[PDB]
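A note on names: the letters A, B, ... follow the listed sequences, proteins ahead of strands, and every chain is numbered from 1.
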Amino acid sequence: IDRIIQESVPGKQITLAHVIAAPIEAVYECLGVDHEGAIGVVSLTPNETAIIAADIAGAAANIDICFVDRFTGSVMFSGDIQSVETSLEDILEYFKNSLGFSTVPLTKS
Amino acid sequence: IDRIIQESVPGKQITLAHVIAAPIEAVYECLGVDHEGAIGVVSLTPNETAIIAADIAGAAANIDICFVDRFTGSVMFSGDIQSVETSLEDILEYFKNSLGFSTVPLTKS
Amino acid sequence: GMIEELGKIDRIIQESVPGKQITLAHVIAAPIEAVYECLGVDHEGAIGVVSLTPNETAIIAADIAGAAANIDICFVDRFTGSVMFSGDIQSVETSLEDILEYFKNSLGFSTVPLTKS
Amino acid sequence: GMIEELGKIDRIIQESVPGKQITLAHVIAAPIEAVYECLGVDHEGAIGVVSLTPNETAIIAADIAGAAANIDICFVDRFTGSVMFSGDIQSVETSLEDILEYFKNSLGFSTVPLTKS
Amino acid sequence: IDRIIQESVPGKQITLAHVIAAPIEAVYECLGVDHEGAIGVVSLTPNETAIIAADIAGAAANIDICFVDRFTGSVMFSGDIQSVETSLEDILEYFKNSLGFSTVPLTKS
Amino acid sequence: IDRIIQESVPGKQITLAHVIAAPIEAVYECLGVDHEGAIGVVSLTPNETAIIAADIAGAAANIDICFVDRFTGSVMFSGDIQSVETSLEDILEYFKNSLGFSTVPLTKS
């Protein structure tokens, strides 16, 4: 079995840019939010970029930030489906173009 | 021994999609749940996808969500064996077909 | 940067996912008093210790252990992927064997042998 | 195990150590109200955000930032390797530039460019 | 830049088997122990093996376990220098021979 | 994209051995220390070696240990610039020459 030294640094990636269009009651309940609208879910690396993603999403009409987590690199936000989708697009486009991030497709459930 | 720089990012994978058909008493007690029915257990990466899997499980079948853990990337839920298996199948199908995630088989004990 | 350039250190992206493995399935036949005290358990019998990946499989291993033999579960830890349980040596070994056989034969996970101290 | 054998998945030992890198040196010029609220800071000025490895270098970056320009440190986090600070846009950019130049030129760390939103 | 999927599992290794022969006061103070004797320090992977190492060390004459940490994979114990050294040797020999661990030399400060 | 199994173990490395010669007030305040003298900062792997580095630092020179963190693998200490530099030098020499660890230069700001 070969052995190597791995110098570990964070990559630059959005691994999830997702809208739950019509969450079930239990999902609203676990976030502690109003049981209305869609939920956007973002996974980012490095984790500090959560605050940047939350700032992009929360600037848009109809978007309320549910939480910004710099410890896990996660953002969740609420809005109508169309607002949530375009804010996910704003995040993907900013991070791809400006920070050279690897990105995933916008996904929907 | 050589040295390489590793840019660490989360992968996109379900590593466990499991039903315990007839849990022992100690296992119901560790989850704090009613001592009836089957338990479904899911391991996901990136961890934020736990909320997506919980939403699919609750919409797929008459199950009770035990917890949704975005910190560990884990979901557990309860219901009759058929209901829990339906929920696991719907998670695995959606994550594979719609998210392009790596998946595992639906496993049973 | 300078360290990387002058060291000619290469760079790769690694997508991290958990593997599927039992890395420890161990019986302490006759624990010392301090080990029983650290688990907060009765100072009698053997202790079984299991290390699993991914960590959520701890609850599956605990269920098999308790169904396999007359053991008392000490803890089931889905945060660390760990299970510990207690009982007479033969019961603890039976439970460890049943965990290894299920994970190897039904799940196809990588498994270590049963080890004893 | 069966999954590994039939998938012909190879196995390597990786000795994990931290690298030496700034992965983020970023100014939010005009934060939204919710971002100021999440940091618990005055709702005025730009925010600077730094991601460092190894995480203990957060205190070094905070010291440079505060010495470089009239900024207010929001937090210094040696557990996550993170620094955030606030001030007028030109002060926040000066502090980020001074962090990048010190880490690149004095320490030889890998560094990203200064980024703006 | 190449990209690979890393299936992460714990290795089997003792990375540290160390005796501080005559700790300074501050080191005794940080462990909350009597300011006498040497300190043995063990780093193990997987972390659950801390309990096995603590059982081997604590069985020996003169050894008191300071702490056993299954969350970090760490053990610290106290005794006279010679007892601490032979207990570190007992741990290294058990884990190398029985569990096939990679091991380091016994080190001393 | 190919897949490999990575057996993860800690490496043996000091990644930071740093003196802040004249800290700003906010930095003394974040550590909760007297606003006088230099600060030494050490990053170690495996994390248990923090206690070994703290012991060497305290025995090397007239320094005050701020914290010894075996959870993060970190040590910080305070003293006059000469004392702090002596302590960092003794840590780097011992870890390189006696433990066979990878080290970094003694760095200054």
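Residues F:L106 and F:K108 meet the side-chain proximity criterion, which asks for heavy atoms closer than 4.5 Å. Within the 4.5 Å cutoff, the side chain of D:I60 has heavy atoms near those of the F:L16 side chain. Between E:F71 and C:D77, some side-chain heavy-atom pair lies under the 4.5 Å cut-off. Annotation: side chain of A:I20 is in contact with side chain of A:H18 (closest heavy-atom distance under 4.5 Å). Here the side chains of B:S8 and A:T45 are not in contact, with every heavy-atom distance at 4.5 Å or above. Counting heavy atoms from C-beta outward, B:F95 and B:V42 have side chains that stay 4.5 Å or more apart. No side-chain heavy atom of A:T72 sits under 4.5 Å from any side-chain heavy atom of B:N47. E:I4 places none of its side-chain heavy atoms less than 4.5 Å from the side chain of E:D2.
Heavy-atom minimum distance, B:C66 versus B:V33: SG-CG1, 3.8 Å. Heavy-atom minimum distance, A:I14 versus A:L92: CG2-CD2, 3.9 Å. In plain terms, the two heavy atoms of A:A26 and B:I65 that are nearest each other are CB-CG1, 4.4 Å. Nearest heavy-atom pair, F:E48 versus E:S74, reported as atom, atom and distance to 0.1 Å: OE2-OG, 2.6 Å. Minimum interatomic distance between D:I47 and D:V92 (heavy atoms only, all atoms of both residues): C-CG1, 4.0 Å. When every heavy atom of B:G58 is checked against every heavy atom of A:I24, the shortest pair comes out as CA-CD1, 3.5 Å.
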**Request:** Show your working on side chain to side chain contact (heavy atoms under 4.5 Å, CB included) between A:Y94 and A:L99 and close with a plain yes or no.
**Result:** CA-CA 7 Å; A:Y94 178 75; A:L99 267 73; 3.7 Å; yes
**Request:** Under the side chain to side chain contact (heavy atoms under 4.5 Å, CB included) rule, what do B:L44 and B:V75 come out as? Steps first, then yes or no, please.
**Result:** CA-CA 8 Å; B:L44 309 99; B:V75 183; 4.1 Å; yes
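No side-chain donor-acceptor contact under 3.5 Å links B:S102 to the backbone of B:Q13. Under a 3.5 Å cut-off, the side chain of C:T57 and the backbone N or O of C:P54 do form a donor-acceptor pair. Looking at A:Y28, its side chain does come within 3.5 Å of a backbone N or O of A:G37 through a donor-acceptor pair. Formation of a donor-acceptor pair under 3.5 Å by the A:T86 side chain with backbone atoms of A:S83 is found in this model.
For the atom pair CD of A:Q6 and CD of D:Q14, the computed distance is 5.0 Å after rounding to the nearest 0.5 Å. From A:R70, atom CZ reaches atom CG of D:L39 across 8.5 Å, with rounding to the nearest 0.5 Å. To the nearest 0.5 Å, atoms CD (A:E93) and OG (A:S98) are separated by 12.5 Å. Within the model, atoms CD of A:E85 and CG of A:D80 stand 9.0 Å from one another, a figure rounded to the nearest 0.5 Å. Taken from CG in B:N97 to OG1 in B:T103, the straight-line distance is 8.5 Å, to the nearest 0.5 Å. Here the straight-line distance linking atom OG of A:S109 with atom CD1 of B:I56 works out to 5.5 Å at 0.5 Å rounding.
Within a 6.0 Å sphere centred on CD of A:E29, other residues, nucleotides and ligands contribute 12 heavy atoms or fewer. Other residues, nucleotides and ligands contribute more than 12 heavy atoms inside 6.0 Å of the CD atom of D:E33.
For the pair A:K12 and B:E7, the salt-bridge criterion is not met [side-chain N within less than 4.0 Å of a carboxylate O].
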